[PDB]
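A quick write-up on the structure given underneath.
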Amino acid sequence: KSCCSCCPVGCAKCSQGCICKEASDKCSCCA
Ligand SMILES: [Cd+2]
Ligand SMILES: [Cd+2]
Ligand SMILES: [Cd+2]
Ligand SMILES: [Cd+2]
C-alpha cells in the first residue's frame, strides 16, 4: 500500500493526496 488499494504506489493522481476514492477492485480516475 502506498496511498490506496487501487493506486498503492504514490500514483500520479495520488501523488501527494489520495484523490482516488472509488475502486472496489478497479479505478478509472487514475489507472
Ligand atoms: Cd486508487
Ligand atoms: Cd490514484
Ligand atoms: Cd490514493
Ligand atoms: Cd483512481
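So you can find residues: chains in the C-alpha cells are A, B, ... in the order shown, residues in each start at 1, and ligands are numbered from 1 in order.
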
At a cut-off of 6 Å, can you tabulate as a Markdown table every residue of chain A near ligand 3 together with its closest atom pair and the distance in Å to one decimal, using only C-alpha atoms and all ligand atoms and ordering rows by chain then number?
```
| residue | atom | partner | partner_atom_place_in_ligand_line | distance |
| --- | --- | --- | --- | --- |
| A:3 | CA | ligand 3 | 1 (Cd) | 4.2 |
| A:4 | CA | ligand 3 | 1 (Cd) | 4.1 |
| A:7 | CA | ligand 3 | 1 (Cd) | 5.4 |
| A:14 | CA | ligand 3 | 1 (Cd) | 4.6 |
| A:18 | CA | ligand 3 | 1 (Cd) | 3.3 |
| A:19 | CA | ligand 3 | 1 (Cd) | 5.6 |
| A:20 | CA | ligand 3 | 1 (Cd) | 4.7 |
```

*With a distance cut-off of 10 Å and only C-alpha atoms, select the neighbouring residues of residue A:22, excluding the residue or stretch itself and same-chain residues fewer than 4 positions from it, and output the selection as a ChimeraX atom specification.*
/A:4,6,26-29

*What does the distance from atom CA of residue A:17 to atom 1 (Cd, counted along the ligand's line) of ligand 2 come to in Å, to one decimal?*
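Result for atom CA of residue A:17 versus atom 1 (Cd, counted along the ligand's line) of ligand 2: 8.5 Å, one decimal.
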
*Give me the residues within 9 Å of residue A:5 as number ranges by chain, counting only C-alpha atoms and dropping any in the same chain fewer than 4 places off.*
A: 1, 9, 23-25
